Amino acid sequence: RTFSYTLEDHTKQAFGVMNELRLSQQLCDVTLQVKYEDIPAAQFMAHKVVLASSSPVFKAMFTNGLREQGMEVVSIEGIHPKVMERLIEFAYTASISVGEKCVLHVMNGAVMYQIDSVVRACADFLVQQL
């Protein structure tokens, strides 16, 4: 009747390119300003649809019906820069790495953005070192 085809690799390749576009600040449309205790701010550019695709919290926050018309800054307080960076990194690459003291703070950032995949992975490392 009909001919179809699926490339089983397409999502990995494309996130790859989207991660490239982020590192080069191309097509970005949100900057997260994270400010946390005394460490000065950081800025992260990213793509709102890529954030919303991995976090129900970023989904809800960016899908409200408002229109961008430029760059929206999101002030994000209550999380160390290094934890937001690794969580954006997970959004864009599906991987995440950390040492054993930061693994506590990463499960708190993942719970805050409902990145449940990371939450369960941390919660496993925490009982596999106890």
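The first residue of the sequence shown is number 1, and the count goes up from there.
The deposited model assigns a higher average Cα B-factor to 71-79 than to the other stretch when 45-53 and 71-79 are compared. A summary of the deposited B-factors shows that, of 84-92 and 61-69, the stretch with the larger mean C-alpha value is 61-69. Annotation for residue 122: CA B-factor lies in the highest third of the chain's modelled residues.
Residue 103: CA B factor lies in the highest third for its chain, per the PDB record. Residue-level temperature factors show residue 34 in the middle third of its chain, judged at the C-alpha atom.
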